[PDB]
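Engineer: File input_7.cif below, mmCIF, N, CA and C atoms:
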```cif
data_upload
loop_
_atom_site.label_atom_id
_atom_site.label_comp_id
_atom_site.auth_asym_id
_atom_site.auth_seq_id
_atom_site.Cartn_x
_atom_site.Cartn_y
_atom_site.Cartn_z
N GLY A 3 10.99 -10.06 -11.94
CA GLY A 3 11.37 -10.38 -10.58
C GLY A 3 10.58 -9.60 -9.55
N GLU A 4 9.25 -9.69 -9.63
CA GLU A 4 8.39 -8.95 -8.71
C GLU A 4 8.56 -9.43 -7.27
N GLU A 5 8.96 -10.69 -7.06
CA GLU A 5 9.13 -11.19 -5.70
C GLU A 5 10.35 -10.58 -5.04
N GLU A 6 11.44 -10.42 -5.79
CA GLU A 6 12.62 -9.74 -5.26
C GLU A 6 12.31 -8.29 -4.90
N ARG A 7 11.57 -7.60 -5.78
CA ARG A 7 11.17 -6.22 -5.51
C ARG A 7 10.34 -6.13 -4.23
N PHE A 8 9.43 -7.09 -4.03
CA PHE A 8 8.62 -7.12 -2.81
C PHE A 8 9.50 -7.22 -1.57
N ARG A 9 10.45 -8.16 -1.56
CA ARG A 9 11.21 -8.43 -0.34
C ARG A 9 12.16 -7.28 -0.01
N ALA A 10 12.79 -6.69 -1.02
CA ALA A 10 13.67 -5.55 -0.77
C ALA A 10 12.88 -4.35 -0.27
N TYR A 11 11.65 -4.17 -0.74
CA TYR A 11 10.78 -3.10 -0.23
C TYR A 11 10.41 -3.34 1.23
N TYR A 12 10.14 -4.60 1.59
CA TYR A 12 9.78 -4.86 2.98
C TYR A 12 10.97 -4.70 3.93
N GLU A 13 12.18 -5.02 3.48
CA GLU A 13 13.36 -4.74 4.30
C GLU A 13 13.45 -3.26 4.63
N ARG A 14 13.31 -2.40 3.62
CA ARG A 14 13.32 -0.97 3.88
C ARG A 14 12.15 -0.57 4.79
N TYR A 15 10.98 -1.16 4.55
CA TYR A 15 9.79 -0.84 5.35
C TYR A 15 9.99 -1.18 6.83
N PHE A 16 10.27 -2.45 7.13
CA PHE A 16 10.31 -2.83 8.55
C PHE A 16 11.49 -2.18 9.27
N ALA A 17 12.60 -1.99 8.58
CA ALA A 17 13.74 -1.32 9.20
C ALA A 17 13.41 0.13 9.53
N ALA A 18 12.66 0.81 8.65
CA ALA A 18 12.23 2.17 8.97
C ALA A 18 11.27 2.17 10.15
N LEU A 19 10.37 1.19 10.21
CA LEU A 19 9.45 1.14 11.34
C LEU A 19 10.18 0.76 12.62
N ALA A 20 11.24 -0.04 12.52
CA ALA A 20 12.07 -0.31 13.70
C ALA A 20 12.75 0.95 14.20
N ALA A 21 13.04 1.90 13.31
CA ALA A 21 13.58 3.19 13.72
C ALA A 21 12.49 4.19 14.07
N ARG A 22 11.22 3.78 14.00
CA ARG A 22 10.08 4.68 14.15
C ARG A 22 10.20 5.87 13.20
N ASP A 23 10.71 5.59 12.01
CA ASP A 23 10.95 6.62 11.01
C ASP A 23 9.73 6.65 10.09
N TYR A 24 8.71 7.42 10.46
CA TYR A 24 7.46 7.35 9.73
C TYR A 24 7.55 8.04 8.37
N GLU A 25 8.39 9.08 8.24
CA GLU A 25 8.53 9.74 6.93
C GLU A 25 9.15 8.82 5.88
N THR A 26 10.13 8.00 6.27
CA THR A 26 10.71 7.09 5.29
C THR A 26 9.69 6.05 4.85
N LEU A 27 8.85 5.57 5.78
CA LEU A 27 7.72 4.74 5.39
C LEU A 27 6.91 5.40 4.28
N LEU A 28 6.63 6.70 4.42
CA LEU A 28 5.88 7.41 3.39
C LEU A 28 6.60 7.38 2.05
N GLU A 29 7.90 7.70 2.04
CA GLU A 29 8.59 7.71 0.75
C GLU A 29 8.57 6.34 0.09
N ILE A 30 8.70 5.28 0.89
CA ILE A 30 8.74 3.92 0.36
C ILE A 30 7.39 3.54 -0.24
N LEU A 31 6.30 3.84 0.48
CA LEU A 31 4.97 3.59 -0.06
C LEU A 31 4.78 4.32 -1.39
N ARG A 32 5.17 5.60 -1.44
CA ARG A 32 5.01 6.38 -2.66
C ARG A 32 5.85 5.80 -3.80
N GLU A 33 7.09 5.43 -3.51
CA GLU A 33 7.98 4.92 -4.56
C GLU A 33 7.48 3.59 -5.11
N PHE A 34 6.97 2.72 -4.23
CA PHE A 34 6.47 1.43 -4.67
C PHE A 34 5.13 1.52 -5.39
N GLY A 35 4.35 2.57 -5.15
CA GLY A 35 3.10 2.77 -5.85
C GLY A 35 1.86 2.39 -5.07
N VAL A 36 1.94 2.36 -3.74
CA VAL A 36 0.76 2.04 -2.93
C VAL A 36 -0.11 3.28 -2.90
N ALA A 37 -1.33 3.17 -3.43
CA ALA A 37 -2.22 4.31 -3.51
C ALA A 37 -3.22 4.39 -2.38
N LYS A 38 -3.48 3.28 -1.67
CA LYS A 38 -4.61 3.20 -0.74
C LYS A 38 -4.34 2.11 0.30
N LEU A 39 -4.83 2.33 1.53
CA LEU A 39 -4.78 1.34 2.61
C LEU A 39 -6.18 1.14 3.16
N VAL A 40 -6.57 -0.12 3.36
CA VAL A 40 -7.84 -0.48 4.01
C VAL A 40 -7.46 -1.31 5.24
N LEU A 41 -7.72 -0.78 6.45
CA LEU A 41 -7.26 -1.38 7.71
C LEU A 41 -8.47 -1.81 8.53
N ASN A 42 -8.65 -3.12 8.70
CA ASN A 42 -9.85 -3.65 9.35
C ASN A 42 -11.12 -3.05 8.72
N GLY A 43 -11.08 -2.86 7.39
CA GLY A 43 -12.22 -2.34 6.66
C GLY A 43 -12.34 -0.83 6.60
N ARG A 44 -11.50 -0.09 7.31
CA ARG A 44 -11.54 1.36 7.30
C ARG A 44 -10.67 1.91 6.17
N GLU A 45 -11.19 2.90 5.46
CA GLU A 45 -10.46 3.46 4.31
C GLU A 45 -9.46 4.53 4.73
N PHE A 46 -8.23 4.41 4.22
CA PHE A 46 -7.19 5.43 4.34
C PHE A 46 -6.85 5.84 2.91
N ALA A 47 -7.27 7.05 2.54
CA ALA A 47 -7.43 7.38 1.13
C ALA A 47 -6.12 7.46 0.36
N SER A 48 -4.99 7.66 1.05
CA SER A 48 -3.69 7.73 0.39
C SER A 48 -2.62 7.36 1.41
N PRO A 49 -1.37 7.23 0.97
CA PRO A 49 -0.28 7.02 1.94
C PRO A 49 -0.19 8.06 3.05
N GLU A 50 -0.59 9.31 2.80
CA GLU A 50 -0.58 10.31 3.87
C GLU A 50 -1.36 9.83 5.08
N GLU A 51 -2.57 9.31 4.84
CA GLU A 51 -3.43 8.94 5.95
C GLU A 51 -2.89 7.70 6.66
N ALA A 52 -2.29 6.78 5.89
CA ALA A 52 -1.69 5.58 6.47
C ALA A 52 -0.56 5.93 7.44
N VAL A 53 0.35 6.82 7.01
CA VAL A 53 1.48 7.20 7.85
C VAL A 53 1.05 8.15 8.97
N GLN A 54 0.02 8.98 8.73
CA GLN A 54 -0.56 9.72 9.85
C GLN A 54 -1.06 8.77 10.93
N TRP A 55 -1.69 7.66 10.52
CA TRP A 55 -2.14 6.63 11.46
C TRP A 55 -0.96 6.06 12.24
N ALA A 56 0.11 5.67 11.55
CA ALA A 56 1.29 5.13 12.23
C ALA A 56 1.84 6.11 13.26
N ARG A 57 2.03 7.37 12.87
CA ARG A 57 2.53 8.37 13.81
C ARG A 57 1.57 8.56 14.99
N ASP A 58 0.28 8.71 14.70
CA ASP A 58 -0.69 9.03 15.75
C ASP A 58 -0.84 7.90 16.75
N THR A 59 -0.68 6.65 16.30
CA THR A 59 -0.76 5.51 17.23
C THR A 59 0.56 5.22 17.92
N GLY A 60 1.66 5.78 17.43
CA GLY A 60 2.96 5.40 17.95
C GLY A 60 3.32 3.98 17.59
N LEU A 61 3.02 3.57 16.36
CA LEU A 61 3.29 2.22 15.89
C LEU A 61 4.76 1.82 16.05
N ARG A 62 4.99 0.61 16.57
CA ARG A 62 6.32 0.01 16.72
C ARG A 62 6.32 -1.39 16.12
N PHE A 63 7.48 -1.81 15.60
CA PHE A 63 7.67 -3.13 14.99
C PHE A 63 8.32 -4.07 16.01
N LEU A 64 7.73 -5.26 16.18
CA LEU A 64 8.29 -6.24 17.12
C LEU A 64 8.91 -7.45 16.44
N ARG A 65 8.22 -8.04 15.48
CA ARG A 65 8.67 -9.31 14.91
C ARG A 65 8.02 -9.57 13.56
N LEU A 66 8.82 -10.07 12.59
CA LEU A 66 8.29 -10.61 11.33
C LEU A 66 8.06 -12.11 11.46
N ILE A 67 6.89 -12.59 11.04
CA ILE A 67 6.54 -14.00 11.14
C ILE A 67 6.68 -14.74 9.81
N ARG A 68 6.11 -14.19 8.73
CA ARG A 68 6.19 -14.89 7.45
C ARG A 68 5.94 -13.93 6.30
N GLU A 69 6.47 -14.28 5.13
CA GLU A 69 6.19 -13.58 3.88
C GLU A 69 5.80 -14.62 2.84
N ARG A 70 4.78 -14.32 2.04
CA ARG A 70 4.36 -15.20 0.96
C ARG A 70 4.15 -14.39 -0.31
N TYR A 71 4.66 -14.90 -1.43
CA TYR A 71 4.58 -14.21 -2.72
C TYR A 71 3.65 -14.96 -3.66
N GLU A 72 2.76 -14.22 -4.31
CA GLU A 72 1.99 -14.70 -5.44
C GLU A 72 1.98 -13.60 -6.49
N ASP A 73 1.66 -13.99 -7.73
CA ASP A 73 1.56 -13.06 -8.85
C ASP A 73 0.66 -11.88 -8.48
N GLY A 74 1.26 -10.72 -8.23
CA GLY A 74 0.52 -9.51 -7.94
C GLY A 74 -0.09 -9.43 -6.55
N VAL A 75 0.26 -10.35 -5.65
CA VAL A 75 -0.30 -10.38 -4.30
C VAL A 75 0.83 -10.77 -3.34
N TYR A 76 1.18 -9.86 -2.43
CA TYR A 76 2.24 -10.10 -1.46
C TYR A 76 1.64 -10.06 -0.07
N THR A 77 1.82 -11.15 0.69
CA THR A 77 1.23 -11.31 2.02
C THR A 77 2.34 -11.37 3.07
N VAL A 78 2.25 -10.51 4.09
CA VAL A 78 3.21 -10.49 5.19
C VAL A 78 2.44 -10.59 6.50
N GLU A 79 2.98 -11.32 7.47
CA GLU A 79 2.43 -11.38 8.82
C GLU A 79 3.51 -10.97 9.81
N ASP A 80 3.24 -9.94 10.62
CA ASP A 80 4.20 -9.48 11.61
C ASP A 80 3.46 -9.10 12.89
N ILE A 81 4.23 -8.76 13.93
CA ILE A 81 3.71 -8.38 15.24
C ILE A 81 4.11 -6.93 15.47
N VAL A 82 3.14 -6.08 15.83
CA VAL A 82 3.40 -4.66 16.06
C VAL A 82 2.79 -4.26 17.39
N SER A 83 3.13 -3.05 17.83
CA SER A 83 2.59 -2.51 19.07
C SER A 83 2.24 -1.05 18.89
N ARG A 84 1.47 -0.51 19.84
CA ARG A 84 1.10 0.89 19.85
C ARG A 84 1.68 1.58 21.09
N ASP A 85 1.57 2.92 21.09
CA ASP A 85 2.02 3.70 22.25
C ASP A 85 1.35 3.22 23.53
N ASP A 86 0.07 2.88 23.44
CA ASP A 86 -0.70 2.61 24.64
C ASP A 86 -0.48 1.21 25.19
N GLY A 87 0.56 0.52 24.72
CA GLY A 87 0.92 -0.80 25.19
C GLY A 87 0.18 -1.96 24.57
N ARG A 88 -0.61 -1.74 23.52
CA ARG A 88 -1.39 -2.82 22.95
C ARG A 88 -0.64 -3.51 21.81
N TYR A 89 -0.74 -4.83 21.77
CA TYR A 89 0.00 -5.66 20.83
C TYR A 89 -0.95 -6.26 19.81
N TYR A 90 -0.51 -6.34 18.54
CA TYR A 90 -1.34 -6.80 17.44
C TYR A 90 -0.62 -7.79 16.55
N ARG A 91 -1.35 -8.81 16.10
CA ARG A 91 -0.95 -9.64 14.97
C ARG A 91 -1.44 -8.95 13.70
N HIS A 92 -0.51 -8.65 12.80
CA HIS A 92 -0.79 -7.85 11.61
C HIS A 92 -0.59 -8.71 10.36
N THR A 93 -1.63 -8.82 9.54
CA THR A 93 -1.57 -9.54 8.27
C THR A 93 -1.84 -8.52 7.17
N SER A 94 -0.83 -8.23 6.36
CA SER A 94 -0.97 -7.27 5.27
C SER A 94 -0.92 -8.00 3.94
N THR A 95 -1.82 -7.60 3.05
CA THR A 95 -1.96 -8.21 1.72
C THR A 95 -1.92 -7.06 0.71
N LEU A 96 -0.81 -6.94 0.00
CA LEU A 96 -0.62 -5.91 -1.02
C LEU A 96 -1.08 -6.45 -2.37
N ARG A 97 -2.10 -5.81 -2.98
CA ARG A 97 -2.69 -6.29 -4.22
C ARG A 97 -2.42 -5.31 -5.36
N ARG A 98 -1.73 -5.78 -6.39
CA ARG A 98 -1.52 -4.96 -7.59
C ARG A 98 -2.82 -4.79 -8.34
N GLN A 99 -3.06 -3.58 -8.81
CA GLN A 99 -4.26 -3.20 -9.55
C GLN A 99 -3.97 -3.17 -11.04
N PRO A 100 -5.02 -3.18 -11.88
CA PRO A 100 -4.80 -3.11 -13.33
C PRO A 100 -3.89 -1.99 -13.78
N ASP A 101 -3.96 -0.82 -13.15
CA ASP A 101 -3.14 0.31 -13.58
C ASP A 101 -1.74 0.32 -12.95
N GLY A 102 -1.38 -0.73 -12.22
CA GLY A 102 -0.05 -0.83 -11.65
C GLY A 102 0.14 -0.18 -10.29
N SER A 103 -0.86 0.53 -9.77
CA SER A 103 -0.80 0.88 -8.35
C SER A 103 -1.09 -0.35 -7.49
N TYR A 104 -0.84 -0.23 -6.19
CA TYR A 104 -1.15 -1.27 -5.21
C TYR A 104 -2.14 -0.75 -4.17
N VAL A 105 -2.99 -1.66 -3.66
CA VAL A 105 -3.85 -1.39 -2.50
C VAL A 105 -3.42 -2.34 -1.39
N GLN A 106 -3.15 -1.80 -0.21
CA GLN A 106 -2.77 -2.62 0.94
C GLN A 106 -4.00 -2.90 1.80
N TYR A 107 -4.29 -4.18 2.04
CA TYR A 107 -5.33 -4.58 2.99
C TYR A 107 -4.65 -5.11 4.25
N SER A 108 -4.84 -4.43 5.38
CA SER A 108 -4.25 -4.82 6.66
C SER A 108 -5.34 -5.29 7.61
N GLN A 109 -5.11 -6.43 8.25
CA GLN A 109 -5.97 -6.96 9.30
C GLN A 109 -5.14 -6.95 10.58
N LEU A 110 -5.66 -6.30 11.63
CA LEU A 110 -4.97 -6.19 12.91
C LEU A 110 -5.82 -6.87 13.96
N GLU A 111 -5.26 -7.89 14.62
CA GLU A 111 -5.98 -8.69 15.61
C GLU A 111 -5.31 -8.47 16.96
N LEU A 112 -6.10 -8.05 17.96
CA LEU A 112 -5.54 -7.69 19.26
C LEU A 112 -4.94 -8.89 19.98
N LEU A 113 -3.68 -8.76 20.39
CA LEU A 113 -3.04 -9.80 21.19
C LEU A 113 -3.04 -9.49 22.68
N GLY A 114 -3.44 -8.28 23.07
CA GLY A 114 -3.62 -7.91 24.47
C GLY A 114 -2.72 -6.75 24.87
N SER A 115 -2.65 -6.54 26.19
CA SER A 115 -1.87 -5.45 26.78
C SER A 115 -1.62 -5.76 28.25
N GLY A 116 -0.64 -5.05 28.82
CA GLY A 116 -0.30 -5.23 30.23
C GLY A 116 -1.26 -4.60 31.23
#
```
How does the structure come out when it is put into structure tokens?
Structural biologist:
Amino acid sequence: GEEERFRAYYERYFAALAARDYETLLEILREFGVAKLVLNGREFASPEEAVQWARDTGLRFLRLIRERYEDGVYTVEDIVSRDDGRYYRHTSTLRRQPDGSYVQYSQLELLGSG
């Protein structure tokens, strides 16, 4: 039931981001086995760097748009914002690796600012 595991993990994830609780995001990434994040092609070598990014930008959660499940590939699209008022369409693709860790590929597309 990898699809159920995916969805329950994302509930914990987005709810923690709705609380701006960046440390819980870290524990969830570690527990699920995400070893690496690549964001618009930039390497974040471990969950530490990913959550440092979230804290440093002041990442906020606005809206979930869709979730799609495939064997070893979980795709989510949501809307997020930063401290500086900028809004993004976020497409995350979590890919299971041969050794059972996951790599998250995030694409962030600017939706604008006030």
Engineer: May I ask for the distance between atom C of residue 26 (chain A) and CA of residue 87 (chain A), given in Å to one decimal place?
Structural biologist: 23.2 Å
Engineer: Do you know which residues the PyMOL selection byres ((chain A and resi 43) around 8) returns on this file, as a PyMOL selection string?
Structural biologist: chain A and resi 39-42+44-46+107-110
Engineer: Would you mind telling me which residue in A:97, A:37, A:3, A:84 lies nearest to residue 59 (chain A) when using all atoms listed in the file?
Structural biologist: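 Of A:97, A:37, A:3, A:84, the one nearest residue 59 (chain A) is A:84, counting all atoms listed in the file.
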Engineer: Step by step: start from the point (10.2, -15.9, 9.8) in the file's coordinates, keep every protein, DNA or RNA residue that has an atom no farther than 12 Å from it, count only C-alpha atoms, and write the set as a ChimeraX atom specification.
Structural biologist: /A:65-70,78-81
Engineer: Hey, can you check how far atom N of residue 19 (chain A) sits from atom N of residue 56 (chain A)?
Structural biologist: 11.3 Å
Engineer: Which residue out of A:103, A:4, A:21, A:13 has the minimum interatomic distance to residue 76 (chain A) when only C-alpha atoms are used?
Structural biologist: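 That would be A:4, the residue with the smallest distance to residue 76 (chain A).
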Engineer: Taking all listed atoms of region 74-91 of chain A, build the axis-aligned box, pad each of the six sides by 8 Å, then write its centre and edge lengths in Å to one decimal as AutoDock Vina command-line options.
Structural biologist:
```
--center_x 1.4 --center_y -3.8 --center_z 8.5 --size_x 21.7 --size_y 31.1 --size_z 49.4
```
Engineer: (6.9, -1.4, -4.0) in this file's frame - what residues fall within 7 Å of it? Use all atoms listed in the file and give the answer as a list in words.
Structural biologist: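 The residues that fall inside the cut-off are residues 7, 8, 11, 30, 31, 33, 34, 35 and 36 of chain A.
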Engineer: Kindly save the residues from that selection, with N, CA and C atoms included, as a compact mmCIF listing (two decimals), in the frame of the given file.
Structural biologist:
```
# COMPACT_ATOMS: atom_id res chain seq x y z
N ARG A 7 11.57 -7.60 -5.78
CA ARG A 7 11.17 -6.22 -5.51
C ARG A 7 10.34 -6.13 -4.23
N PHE A 8 9.43 -7.09 -4.03
CA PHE A 8 8.62 -7.12 -2.81
C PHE A 8 9.50 -7.22 -1.57
N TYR A 11 11.65 -4.17 -0.74
CA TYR A 11 10.78 -3.10 -0.23
C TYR A 11 10.41 -3.34 1.23
N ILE A 30 8.70 5.28 0.89
CA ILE A 30 8.74 3.92 0.36
C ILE A 30 7.39 3.54 -0.24
N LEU A 31 6.30 3.84 0.48
CA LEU A 31 4.97 3.59 -0.06
C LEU A 31 4.78 4.32 -1.39
N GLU A 33 7.09 5.43 -3.51
CA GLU A 33 7.98 4.92 -4.56
C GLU A 33 7.48 3.59 -5.11
N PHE A 34 6.97 2.72 -4.23
CA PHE A 34 6.47 1.43 -4.67
C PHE A 34 5.13 1.52 -5.39
N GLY A 35 4.35 2.57 -5.15
CA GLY A 35 3.10 2.77 -5.85
C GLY A 35 1.86 2.39 -5.07
N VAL A 36 1.94 2.36 -3.74
CA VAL A 36 0.76 2.04 -2.93
C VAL A 36 -0.11 3.28 -2.90
```
Engineer: Exactly which residues make up the result of the PyMOL selection byres (((chain A and resi 61 and name CA) around 7) and name CA) on this file, given as JSON, numbers by chain?
Structural biologist: {"A": [56, 57, 59, 60, 62, 63, 82, 83, 84, 85]}
Engineer: Using backbone DSSP assignments, extract all helix (DSSP H, G or I) residues from chain A; output them as a count of residues only.
Structural biologist: 39
Engineer: When the PyMOL selection byres ((chain A and resi 115) around 5) is applied to the file above, which residues end up in the set, as a list in words?
Structural biologist: residues 87, 88, 113, 114 and 116 of chain A
Engineer: Let me make sure I understand: among A:75, A:27, A:64, A:10, which one has the smallest atom-to-atom distance to residue 95 (chain A) if we use all atoms listed in the file?
Structural biologist: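 Selected residue with least distance to residue 95 (chain A): A:75.
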Engineer: Tell me, in Å to one decimal, how far CA of residue 105 (chain A) is from atom N of residue 48 (chain A).
Structural biologist: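 It comes out at 9.8 Å.
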Engineer: Run DSSP on the backbone and grab whatever in chain A lands in strand (DSSP E); send it over as an MDAnalysis selection string.
Structural biologist: chainID A and resid 36:41 44:46 62:72 75:83 89:98 104:114
Engineer: Using all atoms listed in the file, which residue out of A:72, A:17, A:28, A:111 lies closest to residue 52 (chain A)?
Structural biologist: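 So, comparing all the options, the nearest one is A:28.
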Engineer: Nearest residue to residue 12 (chain A) out of A:91, A:77, A:99, A:47, using only C-alpha atoms?
Structural biologist: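 That would be A:77, the residue with the smallest distance to residue 12 (chain A).
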